[PDB]
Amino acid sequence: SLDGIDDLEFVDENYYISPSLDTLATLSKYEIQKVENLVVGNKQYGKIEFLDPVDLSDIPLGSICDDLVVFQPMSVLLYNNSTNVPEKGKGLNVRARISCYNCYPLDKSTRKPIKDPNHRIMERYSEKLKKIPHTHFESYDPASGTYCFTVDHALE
């Protein structure tokens, strides 16, 4: 896209959803209430993999990627533009595994990422990641910067 002024059409790069938006649009009211293995990701920054069935009824499908679910640098924002979220166990508010990419402690002077996987800061950063409220830490790889964890109810 945007190779030249002859074609100024642009679509989002980076976000993806599985099942596809086209598949999810075809589901009956019964099936859209129990979508399995829903995955919403951003190739550059992270993904969320819902581990229970999700009820997508009434949710405008085009709002899921990059509105309801947003991945930025070292940042997961869920329902950030929404005043309210559904009840625990309803809607997207169910069990999920979240992966965040290129998470590295930063040099406190330059705020550049410390990428040395053997730096003693690495273990301190994991230990602090384990403490994040409402998360269940699974793993952190100092070499890739991938941080993985689960949440019991994704929006709480």
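Residue numbers run from 1 along the displayed sequence.
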Next on the checklist: Mean Cα B factor from the PDB record: higher for 58-66, or higher for 113-121?
Outcome noted: 113-121
Checklist entry - Mean CA B-factor: is it higher for 99-107 or for 46-54? => result 99-107
Next on the checklist: Considering every modelled residue of the chain and its Cα B-factor in the PDB entry, is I5 in the lowest, middle or highest third?
Outcome noted: middle
Checklist outcome for this item: Tertile call for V85 (CA temperature factor, within chain, third-based) is the highest
Next on the checklist: Quick check for you: using the entry's CA B-factors within this chain, is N14 in the lowest, middle or highest third?
Outcome noted: highest
Checklist outcome for this item: Split the chain's modelled residues into thirds by Cα B-factor; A25 lands in the middle
Checklist entry - If you rank every modelled residue in this chain by C-alpha B factor, which third holds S144: lowest, middle or highest? => result highest
